[PDB]
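To begin, one chain is listed below as structure tokens, in the form deposited in one PDB entry.
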């Protein structure tokens, strides 16, 4: 009898459910967003449930055809519920789901700031593996078997299984994680648990960026020089270089490694010939430059094999090709775009031997496109030098003015 894996991606603004098969093909999708920092666990559970059978409905299956359930989630969010380690109020939803279904795992618990990253056990005055059968459901009798934080699930769904394999999620901002196998530490990066599978525990670095895609949104809705994000691709490829124009979208400051919450946005190199193409291209290059800022801070600790990417902006071929160029690393775009749910379904599937082991997953994993660096050493260092100067000239600008 053909069986499938249900996967739940409980996100910040939207709750999703995806039914996968052994090939990582999707068979059914349900998706419902919910009103917004506080979430009402009712409307979240309610939307997360409507999604589930909407997924079972469109996949044309019996509930007893569901071999396992994986869950993944917006991390940190604490249970209305308060919405999302160096300290922050930044620092779960899976448990709220899993027990309305029956616990957290090392990855999700490592974002509590109440869990020891090195001791793997629990001042502030107030935990299983990512792949194991926590409980069962009760109506058909389906087992809950996967749980990880959404970023960590995505890293897993990207099959970034060995050290130095980096997952960059491109969105309004960016989340970049690298697998370190090695509990490593940086002042500029986070240290967290990738996952814990088969009695082992993998560690992950993580850098974040507030404004990446939001700079393209600004091109479209701030100064309205484009109507669609995808238009930046044909504008940037009109040019054979940025021709001196750089754009540092520091709308709310520089993050790591510069750390300056008073930087502001700068466009520099403007001459009478700078047009929409220069601004389009500079905005994409910037997205690639800020990503290099995170990945370089990772190359001081782990060696960086390659970049696996997800998020809507990975549809942009100029951005991906420039991304590889500036990294001198391969940029790998997966067939499956829902890497977060796919990673949770991988975790739950492995618990019931739906997949034999992770290297079968690795063997089965398909890239849609591989972007190979085409850019010499001198060009790469010049461009990134131009970018380093532009960043400098953006610094502390909100010291100067009374905004």
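Throughout, rigid core stands for the largest set of C-alpha atoms superposing within 1.5 Å between the two forms. Residue numbers count along the first chain shown, from 1.
In what follows, reference is made to the form deposited in another entry, a form of this protein that is not presented.
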query: Rigid-core-referenced C-alpha movement of 2 Å or more between this form and the one not shown, selected from 190, 97, 327, 165; finding: 327
query: After fitting the core, residue 12 CA displacement of 2 Å or more between this form and the one not shown; finding: no
query: Is_shifted residue 281 between this form and the one not shown (CA, 2 Å cut-off, rigid core); finding: yes
query: Post core alignment: residue 300 C-alpha displaced by 2 Å or more between this form and the one not shown; finding: yes
query: Distance trend in that other deposited form - C-alpha atoms of residue 12 and residue 262, change of 3 Å or more; finding: closer
query: Relative Cα spacing, residue 217 and residue 12, in that other deposited form - shift of 3 Å or more; finding: closer
